[PDB]
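J.: just the structure for this:
(chains A, B, C, D, E, F, G, H and I, ligands or ions: 1)
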Amino acid sequence: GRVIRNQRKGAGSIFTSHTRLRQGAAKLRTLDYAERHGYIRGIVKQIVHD
Amino acid sequence: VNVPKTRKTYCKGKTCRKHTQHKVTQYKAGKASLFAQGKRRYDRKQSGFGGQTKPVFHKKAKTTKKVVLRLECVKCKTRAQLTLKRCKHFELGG
Amino acid sequence: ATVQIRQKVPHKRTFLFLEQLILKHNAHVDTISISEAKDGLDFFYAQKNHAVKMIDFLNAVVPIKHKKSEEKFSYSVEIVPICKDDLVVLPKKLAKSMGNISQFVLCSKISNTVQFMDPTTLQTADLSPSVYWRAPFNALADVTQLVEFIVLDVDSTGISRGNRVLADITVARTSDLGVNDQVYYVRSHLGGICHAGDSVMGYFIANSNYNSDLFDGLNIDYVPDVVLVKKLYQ
Amino acid sequence: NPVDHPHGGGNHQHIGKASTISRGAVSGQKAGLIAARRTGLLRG
RNA sequence: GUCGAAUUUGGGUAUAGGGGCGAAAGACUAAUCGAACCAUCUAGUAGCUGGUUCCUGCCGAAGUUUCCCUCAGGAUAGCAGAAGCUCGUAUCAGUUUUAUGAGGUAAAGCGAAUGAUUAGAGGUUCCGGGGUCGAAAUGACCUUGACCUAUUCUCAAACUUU
RNA sequence: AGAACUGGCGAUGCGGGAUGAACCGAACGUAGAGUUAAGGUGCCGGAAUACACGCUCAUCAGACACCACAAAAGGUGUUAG
RNA sequence: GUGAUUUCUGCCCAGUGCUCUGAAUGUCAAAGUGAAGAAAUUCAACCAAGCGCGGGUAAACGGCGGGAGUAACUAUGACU
RNA sequence: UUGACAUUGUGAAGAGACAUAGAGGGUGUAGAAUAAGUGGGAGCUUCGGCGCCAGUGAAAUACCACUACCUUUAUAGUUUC
RNA sequence: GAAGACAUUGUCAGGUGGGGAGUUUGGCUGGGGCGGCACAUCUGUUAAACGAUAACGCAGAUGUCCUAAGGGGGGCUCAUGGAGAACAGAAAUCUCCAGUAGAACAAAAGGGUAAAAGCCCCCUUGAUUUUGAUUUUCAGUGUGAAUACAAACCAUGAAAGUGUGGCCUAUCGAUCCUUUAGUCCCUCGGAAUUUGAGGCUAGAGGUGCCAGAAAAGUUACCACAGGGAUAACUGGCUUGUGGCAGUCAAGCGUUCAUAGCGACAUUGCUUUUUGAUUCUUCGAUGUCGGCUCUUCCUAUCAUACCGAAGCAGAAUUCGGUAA
Ligand SMILES: [Zn+2]
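T.: Numbering: from 1, shown residues only, chains lettered A, B, ... in the order given. Here you go:
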């Protein structure tokens, strides 16, 4: 018997994600003293499409 | 069938060598010890990845068994064996 | 159409009853002919649905399994090999499925489901035909395996079923009382009918020499030495 | 075809056996519904 | 057929054999795919096909028994050849006669058994059915069935005296 | 298709049956003379267009067993009875 | 799995599968424990999951046939 | 996937099981009468408690290889959780 | 920061596990498949007057039953028919006569049997121990079943005598492994004891494919060796069935067997049907039908000349030479 496409989808090599046009990974900023005790300010420069 | 629990029959005993009353019983097999050489061999050959190694018997066609009588001589408590024919029934005449 | 019935038992007691029930229920009033067989009997008919009626009459009373052969509508039936006064014994999976009755049983009466009864304590276990003919056995005994007893005193232990008392009695053999005084401590279940001098028939276990495949499971210190059955005349 | 899938093959397009696979079923069996407590449309 | 789109396409790059890839045909994987190619194990095994090299001389078969997951095959006895050995006309012979036994086939027979079979005639019954006489009959007479008698026609691989 | 006894073909040529694995005769060293088998003697074709008593004339005659086919029923055609 | 849209998607959980927050002693390996024994060993009890019991589940695999009885009579793609 | 051993050390509370002793435990409509029961039972044996039938009676009790039913607490640990 | 001696990891044990691996998936066989057992066996007949003798030949049978349905002995005689006896009748019970077996002998069929081999009763365990020789099947191996003696012990009977399973012919099983009976024997190999194990002699558990492998299917994606020992086509033998024709002629036919037809029977021809068979061809004879085209046959649909009719004419049928 052959291996099914689900069994082939686990090594990758064509089934990877196509990460060329990705702006980046979406992640909250780190837990540091300012966020634990008190707060910190920032500003949106642009809204963008991933 | 029917067989009385008693019968008068030759005794090969060192002292009797005559016809002396015998109590009959049916022969029942034993327990099949685990230290029999042909079981210590099986238990080792089977030990591993080979699988099953010796035959197992499937193609049974009989429907009875032969009956076997264990005859104990009352006055020397020695014993003897007889066999009979295949029978779908066997009881004693006690 | 030919509807035929069969017994595999060394004798016939349920059919000595069947002959009685046919004459009061009257389903043979249409049969072309009634032929005795090697073990039972065959009924002849000319239609199909009346053969369907006679097989349902057969089903109406006794546990059975019924099938259909052809040449002409041949309907065969095998009958349970169980009679009123038997030493019967229920296999292991059958006694857990049915009633949780102990390994020894008795069939005091016959009805649409075969009932079982244990000599020690008092309980009834009714059984349909399907699981039995799924797991066939022959009982360890029949009604022709009996011997006679002779009591001195009776002593009902006070508790009692609708028809049972679990009475303890002191039974004594006829010809032996006059050579030896062999009287045992045996509990009886029908001990409400026994009186100070009458005779009961009983299944002597303590000398009998039986043959079947269910004896290799139990223990040998719980077997009752004696177990009795219903009365003849007194 | 059956080399390619457990559902494959057949002179009709039929699965043959159930689609509710187990959970300890292995790679190569797990094709269909996996630990299905239920199937089907309740009432919609 | 389709021809601005799930379009076509070069180059680079990833996936490598019980593995890849598959808009899925068991299709494609360097003219190779229901499992590529190369070398090695490998002179793979084959109860199966084919072939098997000089002369003359002498002898010369078998396809049959028994067993075998035996039925295109082996073992086994036989058939056959060779080497001879002990002896020298024994006491042997695919033969006849004389004497003495066994057989149950051909034929024959069933007016002999068992079975099968055509015909009538003589009887029998308080007793199988009918009919007339009838109150009835262990009454009478017709009558058909049976059996009984004495014949008659024809038969038997699983009938037989002979 | 399948058995029994024997003989053969197979494994075997030779004369004959035109030819034919098996039939008839007969079994084989190389040659010569003689005689025969089975089969045949009009010519092909070696050998009597021999002798004898008869039958048959067919507008699909008939002519070497195995063998290569032929019936029931008919005919005053003819022959004998 | 099915294969636009529109309109519909019926009754079946007995079977086979899947599942379960369900009762629990019936089964039940190794180890461990106890007993006999000089000991190797033997015997017993306890004993996980799983099996088994009960339940759910069909846009899950799949399946969706027969016989009777309802007054003269008529037995209904009706009811029993 | 489940269990056991190891990796794996340090503690507390407990809940029951094992090994010992203790007794309730026992019981009819009715009786000296607490008894699933019971035999070597004319006797083990004192008042005589008894005594299979003493009497009632479901038991036979008295002595005894005797669970004759124990729900129990207290042990010094083993600790299975 | 969290979790914490739980997880994780390591080793063993149980479960699950066509996702995967390796394998197998009987024979005979009027092709092969289904079926069935002729695959181990028995009786009668095929079987052809010793013996042997075949087929998917015939009629049937076995894989059991028996502590007596074995063994011994003593008495007795059956199936059946006739005559008779209250209820009692075709039939219960009782009595006599005939009665060569026509009854019974577990079971098939055949044989065998009458002071018995059968029916009833009495005593019983020769259905025992030791191992050998022999007959059947047969290689003169086994297995199975049986036969006749020997040495011991027993039963039965007055005794002779008989009895080593069923009156005879069928009714059953190797090596390995396990288990039991026995001398209380041998061994456990440094020497001893006890457990345990192994050995010897006789039995049992079983292979029914019965001289005895441990075994499910599919391929319409397919493969290899080979086979005309073997099917599917032609051809050939056969010709049942099919098709064609003939002979008797009971009758139909308003009367009128036969103008025409013609039952019950019966003789043949044909190979344009279907079948049976399996010789050739499996290292290949290109396999339905139609189109095209030629030739042949006659069992003539038409056309030509004729005969016969229940032919007035007309029209039709039967027949003939003729393709
Ligand atoms: Zn002795």
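J.: where exactly do the strands run in chain C?
T.: C:2-6, C:34-36, C:41-44, C:64-70, C:73-79, C:88-89, C:104-105, C:114-117, C:124-127, C:147-155, C:167-173, C:186-188, C:201-204, C:226-228 (DSSP state E).
J.: nearest to residue B:24, of these?
T.: Closest of these to residue B:24 is strand C:201-204, at 20.1 Å (criterion: CB to CB). From N, CA and C alone the C-beta is placed, and that goes for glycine too.
J.: touching RNA strand I at all, the lengthiest strand in chain B?
T.: For chain B, the strand with the greatest residue count under DSSP E is strand B:18-26. Yes - Strand B:18-26 is in contact with RNA strand I by CB under 7 Å from any atom of the strand, via B:18, B:19.
J.: number of residues surrounding residue C:222?
T.: Using other CB atoms under 10 Å in any protein chain shown, residue C:222 has 10 other residues around it.
J.: where's it relative to chain D, distance?
T.: Here the criterion is CB to the nearest CB, to the nearest Å. By it, residue C:222 lies 44 Å from chain D.
J.: go ahead and name everything in contact with stretch C:144-155.
T.: With contact meaning CB atoms under 8 Å, 6 or more residues apart in numbering or on different chains, stretch C:144-155 is reached by C:10-11, C:85, C:87, C:167-174, C:177, C:183, C:191, C:194-204, C:208, C:228-229.
J.: next, the buried residues of stretch C:116-133.
T.: Buried residues in stretch C:116-133, defined by neighbour count with 16 or more other CB atoms under 10 Å in any protein chain shown: C:116, C:117, C:118, C:119, C:122, C:124, C:125, C:127, C:129, C:132.
J.: tell me which of those residues is nearest to residue C:69?
T.: Nearest to residue C:69 among the buried residues of stretch C:116-133, counting by CB to CB, is residue C:129 at 19.2 Å.
J.: measure the closest one to residue A:39 for me?
T.: 83 Å (CB to CB, to the nearest Å).
J.: so who does residue C:95 touch?
T.: Going by CB under 8 Å, 6+ apart, residue C:95 touches C:101, C:102, C:103, C:125.
J.: if we go to 6 Å?
T.: Taking CB atoms under 6 Å, 6 or more residues apart in numbering or on different chains, we find residue C:95 in contact with residue C:101.
J.: near RNA strand H, which residues of chain C are found?
T.: By CB under 7 Å from any atom of the strand, the part of chain C that sits against RNA strand H consists of C:153, C:155, C:156, C:157, C:158, C:159, C:168, C:185.
J.: what is the neighbour count of the first one?
T.: Spelled out, it's residue C:153. For residue C:153, the count of nearby residues is 9 (other CB under 10 Å).
J.: what does the third one give?
T.: By other CB under 10 Å, the residues close to residue C:156 number 15.
J.: I'd guessed it sits against residue C:168; true?
T.: No - using CB atoms under 6 Å, residue C:156 makes no contact with residue C:168, being 8.2 Å away.
J.: now the nearest residue to residue C:13 once chain neighbours are set aside. Its backbone dihedrals?
T.: Using CB to CB, 6 or more residues apart in numbering or on different chains and skipping residues adjacent in sequence, the residue nearest residue C:13 is residue C:83, 4.2 Å away. In this entry, residue C:83 is assigned phi and psi values of phi -120, psi 180 (degrees, to the nearest 10).
J.: contacts only, for residue C:83.
T.: Counting by CB under 6 Å, 6+ apart, residue C:83 touches C:13, C:14, C:142, C:143.
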